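Student: Sending over a structure as structure tokens; questions will come in a sec.
Here Cβ is always computed from backbone atoms with ideal geometry, including for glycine, and neighbour counts include all displayed protein chains. Every read-out reported here was derived from the displayed coordinates using simple, explicitly stated rules and does not represent laboratory data.
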Amino acid sequence: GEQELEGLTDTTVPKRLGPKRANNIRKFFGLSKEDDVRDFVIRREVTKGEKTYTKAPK
RNA sequence: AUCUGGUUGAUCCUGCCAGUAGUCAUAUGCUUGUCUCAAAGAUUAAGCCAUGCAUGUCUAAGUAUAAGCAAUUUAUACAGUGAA
């Protein structure tokens, strides 16, 4: 409507997982046919102590 | 491959009732030191049941971004192990 809601209209929770199938990635970026996809994959970083690692899907 | 006691004052018979041994055949009574081997809720009620267990499973080789761990390092797709 017109007014705002304190917990329901203000925040934005981000999604948990990007795409995995190769054609299903090119849909998400709108890339063309002749483009390599394996340089266009979302990566997630995680660190315990001082070890910055990288999770990335197969 | 065997027989003995009992009918009459006495004797020969027909005849059955005691006796006598066996049982991987069950209980029961009094006793009971050793080695080996061992059945065991069938009979009566295929009656009733407290609690716990008895069916789950992975290799180099179907699916891992665990906000798992190991970090260890050639590896920017992923590659070690590995819950759900």
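Student: Please give the peptides A:48-54, A:19-25 ranked by average Cβ packing (other Cβ atoms within 10 Å per residue), highest first, as a rough proxy for protection.
Tutor: Descending mean neighbour count gives A:19-25, A:48-54.
Student: Same structure again: Is chain A best put as rounded, prolate or oblate by its Cα gyration tensor, with a ≥ b ≥ c the root eigenvalues, rounded for a/c under 1.5, and otherwise prolate when a/b is larger than b/c, oblate when not?
Tutor: oblate
Student: Same structure, new question: First select every other residue whose beta carbon is under 13 angstrom from the beta carbon of A:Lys33; then total the charges, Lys and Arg +1, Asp and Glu -1.
Tutor: Net of charged neighbours comes to -1.
Student: Evaluate the distance, in nm, between pseudo-label points positioned 7 Å from the Cα of A:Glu6 and of A:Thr47 along their respective Cα→Cβ axes.
Tutor: 3.6 nm
Student: So for chain A, if I pair up every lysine 8 or more residues apart or on another chain, how many of those pairs have alpha-carbons under 22 Å apart?
Tutor: So the count of such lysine pairs works out to 9.
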